[PDB]
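Colleague: Please find one structure pasted underneath; my questions will follow.
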Amino acid sequence: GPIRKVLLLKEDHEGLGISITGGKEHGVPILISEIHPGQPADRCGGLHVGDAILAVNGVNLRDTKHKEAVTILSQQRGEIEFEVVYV
Amino acid sequence: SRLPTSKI
Ligand SMILES: *C(=O)c1ccc(CCN)cc1
């Protein structure tokens, strides 16, 4: 599908509310495999299971390894802009 | 289960 920009709002006491799978070492993008109910990704409305995360706050996630992506995503705070694509 | 999954 089309490349989408999606805004997520979160406070520092909570996580993003997503589970991710994949990574370059698996030949798979960083994929959202779970949206957890009532947590920031669910609340923002624009992120879906099966979305590939290409970037977050302008930080590239293309061709990142799984744990590289975990560190990058978990560092983001406040108003977070996701660049995602559903394939 | 071949792929890793992380909750974030
Ligand atoms: C993770 O964000 C998450 C997992 C499970 C639940 C259900 C709580 N009973 C909420 C959020």
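Convention: chains lettered A, B, ... in structure tokens order; per-chain residue numbering from 1; ligands numbered from 1 as shown.
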Could you please tell me, as a ChimeraX atom specification, which residues of chain A have an atom within 6 Å of chain B when using only C-alpha atoms?
Modeller: /A:15-16,18-21
Colleague: Would you put the residues from that selection into a file with C-alpha atoms, as a PDB file, in the first residue's frame?
Modeller:
ATOM      1  CA  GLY A  15       5.081   1.826  26.407  1.00  0.00           C
ATOM      2  CA  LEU A  16       4.025   2.162  22.785  1.00  0.00           C
ATOM      3  CA  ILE A  18       2.805  -2.687  20.117  1.00  0.00           C
ATOM      4  CA  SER A  19       4.532  -5.986  19.602  1.00  0.00           C
ATOM      5  CA  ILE A  20       6.995  -6.082  16.724  1.00  0.00           C
ATOM      6  CA  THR A  21       8.482  -8.983  14.792  1.00  0.00           C
TER       7      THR A  21
END
Colleague: Near residue 25 of chain A, within 9 Å and counting only C-alpha atoms, which residues show up once chain neighbours fewer than 4 positions away are dropped, as a list in words?
Modeller: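 The contact residues come out as residues 63, 64, 65 and 66 of chain A.
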Colleague: Can I get the selected residues back with N, CA, C and O atoms, as a tab-separated table (two decimals), in the first residue's frame?
Modeller:
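Result written to again37.tsv:
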chain	number	residue	atom	x	y	z
A	63	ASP	N	15.87	-1.81	7.16
A	63	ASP	CA	17.03	-2.70	7.23
A	63	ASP	C	17.68	-2.69	8.61
A	63	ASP	O	18.87	-2.95	8.75
A	64	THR	N	16.91	-2.38	9.65
A	64	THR	CA	17.41	-2.54	11.01
A	64	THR	C	17.18	-3.96	11.48
A	64	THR	O	16.22	-4.62	11.07
A	65	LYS	N	18.10	-4.44	12.31
A	65	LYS	CA	17.95	-5.71	12.99
A	65	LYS	C	16.89	-5.57	14.08
A	65	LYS	O	16.60	-4.47	14.55
A	66	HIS	N	16.34	-6.71	14.49
A	66	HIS	CA	15.25	-6.71	15.46
A	66	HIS	C	15.57	-5.87	16.70
A	66	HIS	O	14.79	-4.98	17.08
Colleague: Report as a list in words which protein, DNA and RNA residues come within 7 Å of ligand 1, using only C-alpha atoms and all ligand atoms.
Modeller: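 After applying the 7 Å limit, what remains is residues 17, 18, 36, 37, 38 and 39 of chain A.
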Colleague: Write the selection just made, keeping N, CA and C atoms, as a PDB file, in the first residue's frame?
Modeller:
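Contents of selection_17.pdb, as written:
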ATOM      1  N   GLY A  17       2.707   0.160  23.225  1.00  0.00           N
ATOM      2  CA  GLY A  17       1.537  -0.680  23.086  1.00  0.00           C
ATOM      3  C   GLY A  17       1.533  -1.485  21.815  1.00  0.00           C
ATOM      4  N   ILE A  18       2.710  -1.839  21.297  1.00  0.00           N
ATOM      5  CA  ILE A  18       2.805  -2.687  20.117  1.00  0.00           C
ATOM      6  C   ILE A  18       3.754  -3.834  20.399  1.00  0.00           C
ATOM      7  N   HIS A  36      -1.879  -3.555  21.268  1.00  0.00           N
ATOM      8  CA  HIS A  36      -2.441  -3.915  22.560  1.00  0.00           C
ATOM      9  C   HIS A  36      -3.588  -2.997  22.966  1.00  0.00           C
ATOM     10  N   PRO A  37      -4.679  -3.543  23.499  1.00  0.00           N
ATOM     11  CA  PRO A  37      -5.880  -2.728  23.674  1.00  0.00           C
ATOM     12  C   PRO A  37      -5.673  -1.631  24.707  1.00  0.00           C
ATOM     13  N   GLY A  38      -6.093  -0.428  24.337  1.00  0.00           N
ATOM     14  CA  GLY A  38      -6.097   0.691  25.248  1.00  0.00           C
ATOM     15  C   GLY A  38      -4.774   1.401  25.444  1.00  0.00           C
ATOM     16  N   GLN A  39      -3.698   0.942  24.802  1.00  0.00           N
ATOM     17  CA  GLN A  39      -2.373   1.542  24.929  1.00  0.00           C
ATOM     18  C   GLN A  39      -2.143   2.506  23.772  1.00  0.00           C
TER      19      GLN A  39
END
Colleague: DSSP on the backbone: what in chain A comes out strand (DSSP E), as a count of residues only?
Modeller: 37
Colleague: Which of segment 2-69 of chain A end up as helix (DSSP H, G or I) when DSSP is run on this backbone - answer as a list in words?
Modeller: residues 24, 25, 26, 40, 41, 42, 43, 44, 66, 67, 68 and 69 of chain A
Colleague: Filtering to N, CA, C and O atoms, could you give me those residues as a compact mmCIF listing (two decimals), in the first residue's frame?
Modeller:
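Wrote it out as selection.txt, contents follow:
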# COMPACT_ATOMS: atom_id res chain seq x y z
N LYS A 24 16.06 -7.12 9.76
CA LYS A 24 16.92 -7.42 8.58
C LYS A 24 17.49 -8.83 8.62
O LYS A 24 17.60 -9.45 7.54
N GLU A 25 17.86 -9.32 9.80
CA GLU A 25 18.53 -10.65 9.87
C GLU A 25 17.53 -11.75 9.49
O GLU A 25 17.98 -12.88 9.22
N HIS A 26 16.24 -11.43 9.45
CA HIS A 26 15.20 -12.36 9.05
C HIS A 26 14.67 -12.07 7.66
O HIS A 26 13.75 -12.77 7.21
N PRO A 40 -1.05 3.28 23.76
CA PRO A 40 -0.99 4.42 22.83
C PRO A 40 -1.20 4.11 21.36
O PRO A 40 -1.85 4.91 20.66
N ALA A 41 -0.66 3.01 20.84
CA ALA A 41 -0.86 2.72 19.42
C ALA A 41 -2.33 2.46 19.10
O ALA A 41 -2.84 2.94 18.08
N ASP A 42 -3.01 1.70 19.96
CA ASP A 42 -4.44 1.48 19.78
C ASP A 42 -5.18 2.81 19.83
O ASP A 42 -6.02 3.09 18.96
N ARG A 43 -4.87 3.63 20.83
CA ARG A 43 -5.56 4.91 21.02
C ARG A 43 -5.36 5.86 19.85
O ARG A 43 -6.27 6.64 19.55
N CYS A 44 -4.17 5.88 19.22
CA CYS A 44 -3.88 6.87 18.14
C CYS A 44 -4.77 6.60 16.93
O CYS A 44 -5.09 7.55 16.22
N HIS A 66 16.34 -6.71 14.49
CA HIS A 66 15.25 -6.71 15.46
C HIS A 66 15.57 -5.87 16.70
O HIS A 66 14.79 -4.98 17.08
N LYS A 67 16.68 -6.18 17.36
CA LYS A 67 16.99 -5.51 18.62
C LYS A 67 17.42 -4.06 18.40
O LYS A 67 17.26 -3.23 19.30
N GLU A 68 17.97 -3.75 17.23
CA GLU A 68 18.26 -2.35 16.89
C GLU A 68 16.97 -1.54 16.87
O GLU A 68 16.90 -0.43 17.41
N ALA A 69 15.93 -2.12 16.27
CA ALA A 69 14.63 -1.46 16.20
C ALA A 69 14.01 -1.29 17.58
O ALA A 69 13.42 -0.26 17.87
Colleague: To one decimal place, how far is atom CA of residue 84 of chain A from atom CA of residue 27 of chain A in Å?
Modeller: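 Computed distance, atom CA of residue 84 of chain A to atom CA of residue 27 of chain A, equals 17.3 Å.
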